[PDB]
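Topology and contacts: notes
Letter by letter, the chains look like this.
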Amino acid sequence: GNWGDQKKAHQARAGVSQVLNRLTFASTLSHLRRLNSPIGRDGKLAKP
DNA sequence: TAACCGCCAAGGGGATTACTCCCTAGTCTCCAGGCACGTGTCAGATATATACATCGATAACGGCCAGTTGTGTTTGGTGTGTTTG
């Protein structure tokens, strides 16, 4: 899932590729059609 | 008493003869034997060749070591300013 080179993996993004959650058809669909913002996790701001 | 000598006798058979048969020494030819080669075969010796074995060298294979987003504070120095000596 590290969208970058192996040597500098930590410098690249994380979670870009995830394991498809095959727990129930609805979950599969939701997963295949999901988004994710690059903003840092748990940011103090609340506009985004 | 019979070996020997003497007179007597018949005729056997040894030597010779004319003549005849066919024998055998001899010749050219050509077989049987025998000792020499000729081709062939088996056995052996010398030689070339393939194969397995010991030993030596390279070097493939094993394995090690080497380098290859944000908030809230502090401190510490520079420039300006005022007063002092």
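Residues numbered from 1 in each chain as written, not as in the entry; some residues may be left out. Chains lettered and ligands numbered in written order. Part of a larger assembly, values for the part shown. Heavy atoms only, no water.

The deposited entry bears the title "RNA polymerase II-DSIF-SPT6-PAF1c-TFIIS-IWS1-SETD2-nucleosome, 20 bp upstream".

1. Concerning unusual backbone geometry
Where we set the bar: Think of it this way: any DSSP run of H or I at least four residues long counts as a helix, any run of E at least two long counts as a strand, and we number them from the N terminus. Burial here depends on accessible area, computed with a 1.4 Å probe over protein chains only, as a share of the maximum for the residue type. Under 20% is buried, over 50% is exposed, and the range in between is partly exposed.
Although it is not a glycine, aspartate 42 adopts a positive phi angle of roughly 55 degrees. Among the structural elements, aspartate 42 can be located in the segment after helix 1 (25-32). On the basis of relative accessibility, which here comes to 75%, the residue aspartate 42 falls in the exposed class.

2. What to know about the environment of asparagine 2
Going by this rule: It only takes one pair of heavy atoms within 4.5 Å for two residues to be counted as in contact.
For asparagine 2, the position within the fold is in the segment before helix 1. Classification of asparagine 2 as partly exposed rests on a relative accessible area of 46%. C-alpha of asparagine 2 to C-alpha of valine 16: the two residues are 14 residues apart in sequence and 6.9 Å apart in space. If sequence neighbours within four positions are ignored, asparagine 2 has contacts with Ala9 and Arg13.

3. Things to note about helix 1
Because an α-helix packs 3.6 residues into every turn, residues spaced three or four apart end up facing the same way. What counts, and what does not: What the arc covers is the set of directions going from the helix axis to the C-beta atoms.
For helix 1, the complete set of buried residues consists of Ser27, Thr28 and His31. An end-on view of helix 1 places all buried positions within 100 degrees of arc, on one side of the element. Turned more than 90 degrees from where helix 1 packs its buried face, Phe25 and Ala26 sit exposed.

4. Topic: the side chain of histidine 31
The cut-off we apply is this: For this analysis, a polar contact is any N or O atom pair within 3.5 Å, provided that within protein one partner can donate a hydrogen and the other can accept it, and provided that sequence-adjacent residues contribute only side-chain to side-chain pairs.
Within the secondary structure layout, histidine 31 lies in helix 1. Using a relative accessible area of 17% as the deciding quantity, one classes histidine 31 as buried. At 2.9 Å, the side chain of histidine 31 and the side chain of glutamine 18 are in polar contact. Not counting residues up to four positions away in its chain, the partners in contact with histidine 31 are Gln18, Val19, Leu20 and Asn21.

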